[PDB]
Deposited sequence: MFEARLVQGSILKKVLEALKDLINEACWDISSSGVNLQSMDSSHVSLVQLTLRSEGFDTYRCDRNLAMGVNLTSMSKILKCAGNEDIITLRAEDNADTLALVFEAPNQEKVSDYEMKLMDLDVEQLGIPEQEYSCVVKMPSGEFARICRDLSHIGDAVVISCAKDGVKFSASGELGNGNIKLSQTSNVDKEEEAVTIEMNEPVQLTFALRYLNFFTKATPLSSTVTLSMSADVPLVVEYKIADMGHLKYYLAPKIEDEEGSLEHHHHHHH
C-alpha cells in the first residue's frame, strides 16, 4: 500500500503542467520521506528534479518504497479532470499495476475516481549534486518568465551577465539585439548574491518550458557558475521544490 492525501490539490495540477511538455515518461520514487522525480528530456540537454516532502501532505502513509513508471502526458490528462479545489488522493497497492487517483469535491456530492496504467521504464539515472555558484539571483517568477518570453521575439539564445551591478539578460538576432537589466532593491525584491561575475548563454526554448512552473511560486532563483549547468528553482510552499537544470551554450 501507498496512500497520500493533499487538500490543496491544485499543487499537483500545477506540477504536472510544469512537466508534461518537457518529458513523456518519468519514474516516481516513493519512499517514506516523500516523492522524488528526475528525468531528462529527449535531447538530454535539460534535466528536472522534483521533490515533495511527507509533512506537506495532510495524510501520508508508505508501507515500503516504490518506483512508478508513469506516462506524464496521461497523468496530466487525468489531473486536468480534477477541480481547482478538489482534495486529491493517490493510492497504490501490491500490484503497482496502476496508480489510483481520487478527486473529492469539498462540497461532498461529487467524487471522481481514476486509475491509470503504470508502464515499465528503463531508468537512465544521473546524480545532480548540489554545487556552488559564482552567482545566485532571486526574482519574481513572473518577471523572469516575461524576460524569457520577450527575448524569444529577438533570438534563440539569451546571455545572462551577472555582476554585483545587477543582472542582465541579452539576445541578438535578425532584427537587432535586446538587453534587459535588473538591479538590486530596497516578496518582489530582486536580490543578488555574487561571489564572481558570470556571463553565460542558454537556449531560450528550454527556459520557456521551465517558466511553466511559474504558477507554483512567487519567487524563482537562478544559480550559475562558469562551466556548470544553470539551476532554475521554484519553491512549492511548505512541501518541496522543482529544479530545472540546463547546459550552457559554447
> For this chain, which runs of the deposited sequence have no C-alpha coordinates, given in order from the N-terminus?
Replying inline: 187 to 191, 256 to 270
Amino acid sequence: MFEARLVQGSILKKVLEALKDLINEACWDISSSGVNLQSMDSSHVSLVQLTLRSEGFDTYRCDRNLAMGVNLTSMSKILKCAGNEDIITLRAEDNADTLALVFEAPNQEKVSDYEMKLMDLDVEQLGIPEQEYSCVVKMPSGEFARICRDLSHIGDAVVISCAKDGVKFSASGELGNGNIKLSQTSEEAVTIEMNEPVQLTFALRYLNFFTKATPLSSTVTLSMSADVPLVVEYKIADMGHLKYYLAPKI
From here on, numbers count along this sequence of modelled residues.
>> Can you tell me whether 55 to 63 has a higher mean C-alpha B factor than 197 to 205 in this record, or the other way round?
In response: 55 to 63
> If you average the Cα B factors in the entry, which is higher, 15 to 23 or 225 to 233?
Replying inline: 225 to 233
> Among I160, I78, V102, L151, where is the Cα temperature factor highest, going by the PDB entry?
Replying inline: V102
> Based on the PDB record, which member of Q125, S74, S141, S170 exhibits the highest Cα temperature factor?
Replying inline: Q125
> For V220, does the deposited CA B-factor place it in the lowest, middle or highest third of the chain?
Replying inline: lowest
> Is the Cα B-factor recorded for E174 in the lowest, middle or highest third of its chain?
Replying inline: middle
> Going by the entry, which third of its chain does the Cα temperature factor of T89 land in?
Replying inline: middle
> Mind checking which third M68 falls in for C-alpha B-factor across the chain?
Replying inline: highest
> Lowest, middle or highest third: where is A82 by C-alpha B factor in its chain?
Replying inline: lowest
